[PDB]
Amino acid sequence: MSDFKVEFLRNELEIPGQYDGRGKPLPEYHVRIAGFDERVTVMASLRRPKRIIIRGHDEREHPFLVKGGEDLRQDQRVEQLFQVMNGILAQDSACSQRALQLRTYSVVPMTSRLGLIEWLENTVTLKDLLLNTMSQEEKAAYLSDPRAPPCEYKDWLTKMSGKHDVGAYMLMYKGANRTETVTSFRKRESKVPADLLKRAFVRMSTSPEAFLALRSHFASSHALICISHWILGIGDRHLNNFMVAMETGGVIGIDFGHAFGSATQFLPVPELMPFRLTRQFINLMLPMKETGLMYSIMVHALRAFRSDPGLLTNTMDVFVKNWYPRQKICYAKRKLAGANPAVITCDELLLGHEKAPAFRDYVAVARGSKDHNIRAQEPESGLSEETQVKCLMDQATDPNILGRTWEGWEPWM
Amino acid sequence: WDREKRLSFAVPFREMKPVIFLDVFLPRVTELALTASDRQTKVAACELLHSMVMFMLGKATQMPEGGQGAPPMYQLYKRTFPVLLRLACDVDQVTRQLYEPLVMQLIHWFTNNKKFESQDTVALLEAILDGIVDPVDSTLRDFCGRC
Amino acid sequence: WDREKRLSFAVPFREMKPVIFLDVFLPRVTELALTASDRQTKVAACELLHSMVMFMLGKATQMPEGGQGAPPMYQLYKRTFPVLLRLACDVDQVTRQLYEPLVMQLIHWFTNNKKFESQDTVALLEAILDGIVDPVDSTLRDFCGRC
Amino acid sequence: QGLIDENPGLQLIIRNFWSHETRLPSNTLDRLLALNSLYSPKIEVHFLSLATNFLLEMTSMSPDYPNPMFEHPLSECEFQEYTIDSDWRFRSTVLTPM
Ligand SMILES: Nc1ncnc2c1ncn2[C@@H]1O[C@H](COP(=O)(O)OP(=O)(O)O)[C@@H](O)[C@H]1O
């Protein structure tokens with residue numbers, strides 16, 4: 001890598017992944033590899049990727065987040081599905097009025113164990129943004145405060161009969177009444193600062209004329225990404241895994257190390273969160289409320305998706321290569337046709353692990369109490385988009401199912 | 001145009017000293033400077049922007065932040081330099097005489113030995129180059145060349 | 001102590017803004033600071049000199065002159081640093097607590113990346129070394145060593 | 001003559017007298033011309049200090065007085081505040097290893 005010099009007897013290498021099929025290439029324009037700088041940096045996460053900086057034909061750089069060890073083919077395919085997804089959104093008039101567009105980024109699977117991912121320039125990590133905005137005083141309230149777990153959580157495991165750090169969740173679901181867990185969750189969420197993103201944006205926008213726009217745009221982006229992910233892109237919504245574009249306010253999906261189903265089949269980290277609608281996002285639309293812009297845009301999006309299902313359903317047959325795919329696609333088509341998201345998540349659990357001593361209590365958690373969770377009332381199948389979305393909302397933001405979620409998947413942000 | 005608001009001015013009243021952030025003025029002042037119609041407005045705007053860019057330079061040398069990241073006022077420079085450029089070699093003789101010398105002076109400063117290395121000069125050079133490549137502003141080409 | 005009078009202060013009255021040259025105070029203020037008898041005078045002088053050296057640093061960073069000869073306030077530094085030093089590790093506990101940290105802070109600043117190369121750091125190092133070699137001020141040796 | 005009186009209390013009281021607005025004028029030049037009148041032979045040995053104190057304490061109510069002298073710090077370093085003990089004690093007074 002150090003000594004790349006453009007030379008004859010060597011076919012010039014064009015920058016990986018610079019083709020998008022919206023038209024004939026004009027293949028001369030593409031920037032081609034021209035040596036690349038030092039100062040590779042790591043990204044500080046498990047399976048440490050690093051960040052190459054390729055400079056090419058044009059002296060403008062092109063950071064590409066080299067990453068290995070994973071069968072990135074998964075990421076490639078899922079990104080392609082967002083591509084078709086974004087198409088289907090655009091081709092409608094109702095949705096396009098509001099110019100909804102998921103943001104895709106080039107995924108270029110280089111081999112079985114390597115593939116570049118174009119760094120999105122001028123963007124920051126959602127938890128990076130959050131932590132960045134918080135006052136240096138309260139910064140200690142996440143780094144280390146008397147409630148040593150970010151808010152009391154790891155300690156509260158002990159209070160819920162869970163002794164060790166890993167797997168102790170496997171016990172709490174036994175004696176977790178709808179109250180003490182919920183009350184605890186209220187508390188821990190409360191301690192976390194409020195008006196976070198609001199502060200970030202207020203810092204961002206020039207004049208209050210702009211805050212409303214940027215807020216609408218952030219809300220729309222996060223909303224659309226969330227719903228599209230519920231279609232398929234489930235799982236692993238670590239606050240590292242949502243990027244926010246400092247420049248323009250978009251929320252861009254990031255990692256897909258677990259696609260649909262891959263979230264919850266993987267037992268040691270059981271997950272019952274379909275969306276990410278944790279507190280700071282609610283508090284953003286402060287005077288309004290969830291079921292404000294976000295729920296409406298949910299309704300619109302989901303109504304769009306189901307218009308011609310085959311375009312997206314009968315597109316994720318790329319899993320040609322029992323068969324796990326032959327059934328995860330079935331769950332997908334079930335949800336698109338309309339199933340109580342509680343039901344689909346319950347089925348996901350039922351297939352997920354029937355050998356654990358919790359799947360009774362896991363299923364019970366998923367369903368939610370009939371008294372105070374609007375998900376449990378709906379029929380298992382045959383749902384109208386209004387109902388589908390609303391049920392899914394409650395399933396996402398339910399304090400109970402939220403509160404007992406995995407550490408790391410920081411449910412308070 | 002900037003995360004945090006530099007260009008802190010202290011409009012010097014008598015009984016007190018309030019602070020007015022000149023950066024919020026700038027994105028609209030510049031648009032006036034390039035494309036205003038009423039020439040009195042345009043020349044006034046140009047003279048304001050000259051003053052204001054001079055203030056940028058000044059507040060730069062009163063470095064509040066010596067690197068360890070993006071240099072301060074770099075983010076401002078990136079979007080004020082193309083303004084300064086294509087506003088030079090505009091076709092108002094007054095503006096031309098006012099800004100062509102300043103662009104020359106800026107180019108001069110940004111290869112003075114002190115901070116010859118800084119990303120600010122990187123940006124200004126990048127601006128001049130994207131000034132050469134300018135597709136439509138035909139006359140901008142020549143001034144960028146001289147630059 | 002300096003050909004031309006830096007340390008320009010603008011004692012901020014209301015009806016006007018006169019300029020008072022703090023450098024003329026300094027050669028006598030420092031002598032007070034080291035060797036005053038009445039301890040109220042001495043501590044007051046020490047606190048003045050702390051303020052005044054801080055002002056030196058400040059007026060330095062508002063560089064009016066970027067080299068091309070003797071750096072400005074170098075001539076001042078040469079004769080204020082030995083003062084600052086041997087006035088640290090004096091035997092008044094108040095002065096000690098006031099200036100030992102400042103000398104540490106000065107040493108810290110004068111190997112910050114920005115102007116790590118400057119003759120100012122050369123001078124300060126030369127001062128510390130001539131502080132080691134100090135014949136009579138026995139305790140000065142130790143502080144100079146720590147420095 | 002009182003402006004030098006032995007008791008610090010009356011010192012402050014008489015000085016505050018002579019610095020109230022209607023006694024010595026409030027702008028600078030009118031002050032500087034006034035202080036020449038604030039002199040007597042006996043107030044001499046202090047008259048310099050007294051003039052300086054008057055002038056500067058009128059500086060004291062000008063708008064730049066609390067405005068920090070230099071706009072920016074010289075780094076990102078965190079700044080704390082510490083008080084100095086100063087409890088009627090000097091440095092060579094407590095024997096070493098107790
Ligand atoms: N598209 C992108 N552009 C820039 N940086 C990114 C991008 N995607 C991820 N990152 C960085 O990658 C880190 C996450 O790594 P990720 O891709 O999630 O793999 P893993 O699942 O192993 O963390 C984030 O902290 C973020 O800083």
# chains A, B, ... in the order shown; residues from 1 in each chain; ligands from 1
>>> residues_near_ligand(ligand="ligand 1", cutoff="10 Å", atoms="only C-alpha atoms and all ligand atoms", output="MDAnalysis selection string")
chainID A and resid 42:51 63:70 75 104:107 117:128 236:245 252:258
>>> residues_around(residues="range 32-36 of chain B", least_positions_apart="4", cutoff="6 Å", atoms="only C-alpha atoms", output="PyMOL selection string")
chain B and resi 42+45-46+87
>>> interface_residues(of="chain D", to="chain C", cutoff="9 Å", atoms="only C-alpha atoms", output="mmCIF file with N, CA, C and O atoms, in the first residue's frame")
data_model
loop_
_atom_site.group_PDB
_atom_site.id
_atom_site.type_symbol
_atom_site.label_atom_id
_atom_site.label_comp_id
_atom_site.auth_asym_id
_atom_site.auth_seq_id
_atom_site.Cartn_x
_atom_site.Cartn_y
_atom_site.Cartn_z
ATOM 1 N N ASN D 27 -15.897 62.867 35.034
ATOM 2 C CA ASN D 27 -15.025 62.542 33.919
ATOM 3 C C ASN D 27 -13.561 62.592 34.364
ATOM 4 O O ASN D 27 -13.235 62.959 35.490
ATOM 5 N N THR D 28 -12.649 62.272 33.460
ATOM 6 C CA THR D 28 -11.248 62.181 33.809
ATOM 7 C C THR D 28 -10.618 63.552 33.945
ATOM 8 O O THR D 28 -10.209 63.940 35.037
ATOM 9 N N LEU D 56 -7.980 55.870 39.761
ATOM 10 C CA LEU D 56 -8.303 54.523 39.339
ATOM 11 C C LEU D 56 -9.674 54.108 39.842
ATOM 12 O O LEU D 56 -10.400 53.383 39.161
ATOM 13 N N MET D 58 -12.189 55.870 40.052
ATOM 14 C CA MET D 58 -13.161 56.256 39.041
ATOM 15 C C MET D 58 -13.044 55.401 37.801
ATOM 16 O O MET D 58 -14.050 55.161 37.129
ATOM 17 N N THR D 59 -11.857 54.900 37.495
ATOM 18 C CA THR D 59 -11.799 53.911 36.427
ATOM 19 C C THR D 59 -12.703 52.744 36.751
ATOM 20 O O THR D 59 -13.192 52.054 35.856
ATOM 21 N N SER D 60 -12.950 52.533 38.031
ATOM 22 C CA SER D 60 -13.553 51.287 38.471
ATOM 23 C C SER D 60 -14.964 51.081 37.958
ATOM 24 O O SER D 60 -15.441 49.947 37.970
ATOM 25 N N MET D 61 -15.652 52.126 37.522
ATOM 26 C CA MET D 61 -17.056 51.982 37.183
ATOM 27 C C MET D 61 -17.262 52.096 35.689
ATOM 28 O O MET D 61 -18.390 52.192 35.215
ATOM 29 N N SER D 62 -16.188 52.002 34.940
ATOM 30 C CA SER D 62 -16.257 52.032 33.493
ATOM 31 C C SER D 62 -16.649 50.660 32.953
ATOM 32 O O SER D 62 -16.453 49.650 33.626
ATOM 33 N N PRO D 63 -17.206 50.591 31.746
ATOM 34 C CA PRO D 63 -17.770 49.328 31.268
ATOM 35 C C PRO D 63 -16.770 48.255 30.966
ATOM 36 O O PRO D 63 -17.153 47.083 30.957
ATOM 37 N N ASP D 64 -15.517 48.569 30.717
ATOM 38 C CA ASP D 64 -14.624 47.470 30.409
ATOM 39 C C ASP D 64 -14.090 46.798 31.657
ATOM 40 O O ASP D 64 -13.410 45.777 31.549
ATOM 41 N N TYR D 65 -14.410 47.324 32.827
ATOM 42 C CA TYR D 65 -13.845 46.811 34.071
ATOM 43 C C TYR D 65 -14.003 45.315 34.291
ATOM 44 O O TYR D 65 -13.027 44.690 34.731
ATOM 45 N N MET D 69 -9.472 40.950 29.893
ATOM 46 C CA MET D 69 -8.503 41.773 29.192
ATOM 47 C C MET D 69 -8.123 41.200 27.849
ATOM 48 O O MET D 69 -7.782 41.955 26.937
ATOM 49 N N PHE D 70 -8.145 39.892 27.714
ATOM 50 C CA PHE D 70 -7.754 39.252 26.478
ATOM 51 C C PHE D 70 -8.848 38.269 26.123
ATOM 52 O O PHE D 70 -9.236 37.449 26.959
ATOM 53 N N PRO D 73 -8.539 32.449 25.800
ATOM 54 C CA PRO D 73 -7.460 31.727 26.462
ATOM 55 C C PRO D 73 -6.474 31.230 25.439
ATOM 56 O O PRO D 73 -6.686 31.417 24.244
ATOM 57 N N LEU D 74 -5.388 30.611 25.880
ATOM 58 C CA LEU D 74 -4.343 30.198 24.960
ATOM 59 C C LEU D 74 -4.285 28.697 24.759
ATOM 60 O O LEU D 74 -3.280 28.182 24.274
ATOM 61 N N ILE D 84 -5.434 30.634 48.240
ATOM 62 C CA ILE D 84 -4.114 30.562 48.879
ATOM 63 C C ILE D 84 -4.290 30.732 50.391
ATOM 64 O O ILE D 84 -5.059 31.574 50.846
ATOM 65 N N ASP D 85 -3.626 29.899 51.185
ATOM 66 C CA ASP D 85 -3.978 29.704 52.590
ATOM 67 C C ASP D 85 -3.730 30.952 53.450
ATOM 68 O O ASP D 85 -4.683 31.499 54.002
ATOM 69 N N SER D 86 -2.480 31.440 53.527
ATOM 70 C CA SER D 86 -2.112 32.728 54.108
ATOM 71 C C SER D 86 -2.616 32.897 55.540
ATOM 72 O O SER D 86 -3.288 33.869 55.863
ATOM 73 N N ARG D 89 1.355 32.906 58.699
ATOM 74 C CA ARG D 89 2.478 31.978 58.788
ATOM 75 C C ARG D 89 3.381 32.129 57.568
ATOM 76 O O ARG D 89 2.912 32.325 56.450
ATOM 77 N N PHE D 90 4.674 32.029 57.788
ATOM 78 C CA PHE D 90 5.658 32.052 56.726
ATOM 79 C C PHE D 90 6.165 30.639 56.495
ATOM 80 O O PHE D 90 5.588 29.666 56.991
ATOM 81 N N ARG D 91 7.251 30.512 55.744
ATOM 82 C CA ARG D 91 7.584 29.206 55.195
ATOM 83 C C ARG D 91 8.644 28.446 55.963
ATOM 84 O O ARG D 91 8.664 27.217 55.903
ATOM 85 N N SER D 92 9.528 29.113 56.684
ATOM 86 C CA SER D 92 10.572 28.403 57.411
ATOM 87 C C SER D 92 10.254 28.289 58.882
ATOM 88 O O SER D 92 11.095 28.596 59.713
#
>>> residues_around(residues="range 25-38 of chain A", least_positions_apart="5", cutoff="9 Å", atoms="only C-alpha atoms", output="PyMOL selection string")
chain A and resi 1-6+12-16+18-20+52-59+61
>>> interface_residues(of="chain B", to="chain A", cutoff="8 Å", atoms="only C-alpha atoms", output="MDAnalysis selection string")
chainID B and resid 3:4 24
>>> write_last_selection(atoms="C-alpha atoms", output="mmCIF file, in the first residue's frame")
data_model
loop_
_atom_site.group_PDB
_atom_site.id
_atom_site.type_symbol
_atom_site.label_atom_id
_atom_site.label_comp_id
_atom_site.auth_asym_id
_atom_site.auth_seq_id
_atom_site.Cartn_x
_atom_site.Cartn_y
_atom_site.Cartn_z
ATOM 1 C CA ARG B 3 -20.921 24.989 14.232
ATOM 2 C CA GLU B 4 -19.860 27.474 16.889
ATOM 3 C CA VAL B 24 -24.919 35.377 11.246
#
>>> residues_around(residues="range 113-118 of chain C", least_positions_apart="5", cutoff="10 Å", atoms="only C-alpha atoms", output="list in words")
residues 66, 67 and 68 of chain B; 67, 71, 74 and 123 of chain C
>>> atom_distance(atom1="CA of residue 383 in chain A", atom2="CA of residue 334 in chain A")
10.9 Å
>>> residues_around(residues="residue 333 in chain A", least_positions_apart="2", cutoff="12 Å", atoms="only C-alpha atoms", output="compact mmCIF listing (two decimals) with C-alpha atoms, in the first residue's frame")
# COMPACT_ATOMS: atom_id res chain seq x y z
CA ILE A 231 -39.51 -4.32 6.91
CA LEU A 232 -36.23 -6.01 6.95
CA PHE A 305 -44.54 -0.20 0.47
CA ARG A 306 -47.58 -2.43 0.30
CA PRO A 309 -45.43 -5.80 -2.72
CA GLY A 310 -43.81 -7.95 -5.35
CA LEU A 311 -41.36 -5.19 -6.13
CA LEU A 312 -39.77 -5.62 -2.73
CA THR A 313 -40.96 -9.00 -1.57
CA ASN A 314 -40.14 -10.80 -4.77
CA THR A 315 -36.84 -9.04 -4.88
CA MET A 316 -35.28 -10.44 -1.72
CA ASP A 317 -34.88 -13.78 -3.36
CA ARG A 326 -36.67 -19.79 2.96
CA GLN A 327 -38.37 -18.97 6.26
CA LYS A 328 -37.03 -15.54 7.07
CA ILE A 329 -38.32 -14.40 3.72
CA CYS A 330 -41.62 -15.93 4.75
CA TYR A 331 -41.70 -13.81 7.88
CA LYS A 335 -45.31 -8.72 7.76
CA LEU A 336 -45.64 -6.96 4.44
CA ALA A 337 -49.01 -8.55 3.92
CA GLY A 338 -49.75 -7.34 7.42
CA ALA A 339 -49.31 -9.10 10.72
CA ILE A 344 -44.29 -11.55 13.99
CA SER A 381 -53.19 -11.21 10.62
>>> select_by_dssp(residues="chain B", states="strand (DSSP E)", output="list in words")
residues 8, 9, 20 and 21 of chain B
>>> write_last_selection(atoms="N, CA, C and O atoms", output="compact mmCIF listing (two decimals), in the first residue's frame")
# COMPACT_ATOMS: atom_id res chain seq x y z
N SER B 8 -16.81 37.16 17.14
CA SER B 8 -17.47 37.81 18.27
C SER B 8 -17.10 39.28 18.29
O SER B 8 -15.94 39.63 18.47
N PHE B 9 -18.08 40.14 18.09
CA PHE B 9 -17.91 41.58 18.14
C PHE B 9 -18.57 42.14 19.39
O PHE B 9 -19.50 41.57 19.94
N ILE B 20 -22.21 40.96 19.55
CA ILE B 20 -23.00 40.74 18.35
C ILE B 20 -22.20 39.82 17.45
O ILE B 20 -21.03 40.09 17.18
N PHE B 21 -22.83 38.75 17.00
CA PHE B 21 -22.12 37.73 16.27
C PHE B 21 -22.18 38.06 14.79
O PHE B 21 -23.22 37.95 14.16
>>> closest_residue(among="A:136, A:304, A:90, A:322", to="chain D", atoms="only C-alpha atoms")
A:136
>>> select_by_dssp(residues="chain D", states="alpha helix (DSSP H)", output="mmCIF file with N, CA, C and O atoms, in the first residue's frame")
data_model
loop_
_atom_site.group_PDB
_atom_site.id
_atom_site.type_symbol
_atom_site.label_atom_id
_atom_site.label_comp_id
_atom_site.auth_asym_id
_atom_site.auth_seq_id
_atom_site.Cartn_x
_atom_site.Cartn_y
_atom_site.Cartn_z
ATOM 1 N N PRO D 8 -8.141 52.875 59.896
ATOM 2 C CA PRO D 8 -8.552 52.539 58.535
ATOM 3 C C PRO D 8 -10.003 52.818 58.266
ATOM 4 O O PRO D 8 -10.364 53.144 57.132
ATOM 5 N N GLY D 9 -10.861 52.695 59.266
ATOM 6 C CA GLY D 9 -12.271 52.916 59.016
ATOM 7 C C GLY D 9 -12.564 54.333 58.583
ATOM 8 O O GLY D 9 -13.181 54.568 57.542
ATOM 9 N N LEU D 10 -12.121 55.302 59.369
ATOM 10 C CA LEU D 10 -12.333 56.679 58.972
ATOM 11 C C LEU D 10 -11.603 56.984 57.690
ATOM 12 O O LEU D 10 -12.035 57.847 56.921
ATOM 13 N N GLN D 11 -10.502 56.296 57.436
ATOM 14 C CA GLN D 11 -9.837 56.463 56.156
ATOM 15 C C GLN D 11 -10.794 56.160 55.032
ATOM 16 O O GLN D 11 -10.997 56.981 54.133
ATOM 17 N N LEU D 12 -11.421 54.994 55.088
ATOM 18 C CA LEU D 12 -12.330 54.628 54.023
ATOM 19 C C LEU D 12 -13.483 55.602 53.954
ATOM 20 O O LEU D 12 -13.922 55.969 52.864
ATOM 21 N N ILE D 13 -13.985 56.043 55.103
ATOM 22 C CA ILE D 13 -15.174 56.882 55.092
ATOM 23 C C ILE D 13 -14.874 58.234 54.468
ATOM 24 O O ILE D 13 -15.620 58.714 53.612
ATOM 25 N N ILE D 14 -13.771 58.852 54.850
ATOM 26 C CA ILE D 14 -13.445 60.140 54.268
ATOM 27 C C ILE D 14 -13.117 60.000 52.795
ATOM 28 O O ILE D 14 -13.475 60.858 51.981
ATOM 29 N N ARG D 15 -12.417 58.939 52.414
ATOM 30 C CA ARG D 15 -12.116 58.803 50.999
ATOM 31 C C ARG D 15 -13.393 58.635 50.204
ATOM 32 O O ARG D 15 -13.585 59.288 49.168
ATOM 33 N N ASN D 16 -14.296 57.800 50.691
ATOM 34 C CA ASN D 16 -15.544 57.616 49.988
ATOM 35 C C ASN D 16 -16.297 58.931 49.919
ATOM 36 O O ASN D 16 -16.963 59.218 48.921
ATOM 37 N N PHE D 17 -16.182 59.762 50.954
ATOM 38 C CA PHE D 17 -16.696 61.120 50.842
ATOM 39 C C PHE D 17 -16.155 61.802 49.624
ATOM 40 O O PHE D 17 -16.903 62.258 48.756
ATOM 41 N N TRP D 18 -14.849 61.907 49.563
ATOM 42 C CA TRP D 18 -14.249 62.733 48.544
ATOM 43 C C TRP D 18 -14.414 62.158 47.151
ATOM 44 O O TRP D 18 -14.109 62.852 46.180
ATOM 45 N N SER D 19 -14.866 60.922 47.023
ATOM 46 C CA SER D 19 -15.054 60.340 45.704
ATOM 47 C C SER D 19 -16.500 60.296 45.250
ATOM 48 O O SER D 19 -16.762 59.833 44.144
ATOM 49 N N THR D 28 -12.649 62.272 33.460
ATOM 50 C CA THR D 28 -11.248 62.181 33.809
ATOM 51 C C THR D 28 -10.618 63.552 33.945
ATOM 52 O O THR D 28 -10.209 63.940 35.037
ATOM 53 N N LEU D 29 -10.546 64.315 32.858
ATOM 54 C CA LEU D 29 -9.788 65.560 32.903
ATOM 55 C C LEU D 29 -10.271 66.465 34.009
ATOM 56 O O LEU D 29 -9.471 67.144 34.666
ATOM 57 N N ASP D 30 -11.573 66.551 34.244
ATOM 58 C CA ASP D 30 -12.024 67.383 35.341
ATOM 59 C C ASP D 30 -11.539 66.802 36.664
ATOM 60 O O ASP D 30 -11.212 67.571 37.562
ATOM 61 N N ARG D 31 -11.379 65.475 36.781
ATOM 62 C CA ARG D 31 -10.774 64.927 37.979
ATOM 63 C C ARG D 31 -9.329 65.356 38.102
ATOM 64 O O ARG D 31 -8.896 65.805 39.161
ATOM 65 N N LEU D 32 -8.571 65.230 37.027
ATOM 66 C CA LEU D 32 -7.150 65.511 37.114
ATOM 67 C C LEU D 32 -6.910 66.952 37.477
ATOM 68 O O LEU D 32 -6.002 67.259 38.253
ATOM 69 N N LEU D 33 -7.706 67.856 36.938
ATOM 70 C CA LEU D 33 -7.558 69.229 37.373
ATOM 71 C C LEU D 33 -8.044 69.415 38.797
ATOM 72 O O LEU D 33 -7.582 70.320 39.490
ATOM 73 N N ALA D 34 -8.961 68.582 39.258
ATOM 74 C CA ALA D 34 -9.458 68.777 40.608
ATOM 75 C C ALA D 34 -8.449 68.341 41.653
ATOM 76 O O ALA D 34 -8.232 69.053 42.632
ATOM 77 N N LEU D 35 -7.822 67.186 41.463
ATOM 78 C CA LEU D 35 -6.967 66.643 42.507
ATOM 79 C C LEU D 35 -5.875 67.591 42.917
ATOM 80 O O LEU D 35 -5.388 67.498 44.044
ATOM 81 N N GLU D 44 1.182 65.244 52.113
ATOM 82 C CA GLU D 44 2.204 65.027 51.105
ATOM 83 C C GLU D 44 2.584 63.566 50.945
ATOM 84 O O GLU D 44 2.155 62.901 50.005
ATOM 85 N N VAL D 45 3.281 63.017 51.934
ATOM 86 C CA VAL D 45 3.903 61.708 51.809
ATOM 87 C C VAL D 45 2.959 60.673 51.261
ATOM 88 O O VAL D 45 3.403 59.641 50.758
ATOM 89 N N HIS D 46 1.667 60.917 51.322
ATOM 90 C CA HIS D 46 0.709 60.014 50.742
ATOM 91 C C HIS D 46 0.021 60.578 49.519
ATOM 92 O O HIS D 46 -0.665 59.824 48.824
ATOM 93 N N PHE D 47 0.169 61.868 49.243
ATOM 94 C CA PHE D 47 -0.653 62.496 48.223
ATOM 95 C C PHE D 47 -0.584 61.771 46.912
ATOM 96 O O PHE D 47 -1.574 61.716 46.184
ATOM 97 N N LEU D 48 0.569 61.225 46.582
ATOM 98 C CA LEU D 48 0.664 60.505 45.336
ATOM 99 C C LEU D 48 -0.258 59.314 45.363
ATOM 100 O O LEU D 48 -1.063 59.110 44.446
ATOM 101 N N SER D 49 -0.168 58.523 46.417
ATOM 102 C CA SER D 49 -1.013 57.352 46.476
ATOM 103 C C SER D 49 -2.461 57.755 46.447
ATOM 104 O O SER D 49 -3.285 57.085 45.824
ATOM 105 N N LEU D 50 -2.784 58.852 47.100
ATOM 106 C CA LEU D 50 -4.176 59.235 47.178
ATOM 107 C C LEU D 50 -4.698 59.643 45.818
ATOM 108 O O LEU D 50 -5.814 59.270 45.433
ATOM 109 N N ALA D 51 -3.905 60.395 45.069
ATOM 110 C CA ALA D 51 -4.338 60.766 43.737
ATOM 111 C C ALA D 51 -4.536 59.530 42.887
ATOM 112 O O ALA D 51 -5.535 59.411 42.169
ATOM 113 N N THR D 52 -3.597 58.598 42.961
ATOM 114 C CA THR D 52 -3.719 57.412 42.134
ATOM 115 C C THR D 52 -4.976 56.667 42.485
ATOM 116 O O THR D 52 -5.697 56.189 41.605
ATOM 117 N N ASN D 53 -5.259 56.558 43.774
ATOM 118 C CA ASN D 53 -6.418 55.807 44.198
ATOM 119 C C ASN D 53 -7.681 56.450 43.685
ATOM 120 O O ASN D 53 -8.575 55.767 43.185
ATOM 121 N N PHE D 54 -7.761 57.771 43.759
ATOM 122 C CA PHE D 54 -8.954 58.437 43.264
ATOM 123 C C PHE D 54 -9.144 58.193 41.781
ATOM 124 O O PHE D 54 -10.228 57.798 41.330
ATOM 125 N N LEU D 55 -8.094 58.415 41.003
ATOM 126 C CA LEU D 55 -8.231 58.261 39.565
ATOM 127 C C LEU D 55 -8.659 56.856 39.214
ATOM 128 O O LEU D 55 -9.621 56.645 38.469
ATOM 129 N N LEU D 56 -7.980 55.870 39.761
ATOM 130 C CA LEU D 56 -8.303 54.523 39.339
ATOM 131 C C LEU D 56 -9.674 54.108 39.842
ATOM 132 O O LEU D 56 -10.400 53.383 39.161
ATOM 133 N N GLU D 57 -10.059 54.531 41.035
ATOM 134 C CA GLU D 57 -11.357 54.083 41.491
ATOM 135 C C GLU D 57 -12.469 54.762 40.726
ATOM 136 O O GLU D 57 -13.601 54.280 40.750
ATOM 137 N N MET D 58 -12.189 55.870 40.052
ATOM 138 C CA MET D 58 -13.161 56.256 39.041
ATOM 139 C C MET D 58 -13.044 55.401 37.801
ATOM 140 O O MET D 58 -14.050 55.161 37.129
ATOM 141 N N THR D 59 -11.857 54.900 37.495
ATOM 142 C CA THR D 59 -11.799 53.911 36.427
ATOM 143 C C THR D 59 -12.703 52.744 36.751
ATOM 144 O O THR D 59 -13.192 52.054 35.856
#
>>> atom_distance(atom1="CA of residue 393 in chain A", atom2="CA of residue 215 in chain A")
19.8 Å
>>> atom_distance(atom1="CA of residue 146 in chain B", atom2="CA of residue 128 in chain B")
9.8 Å
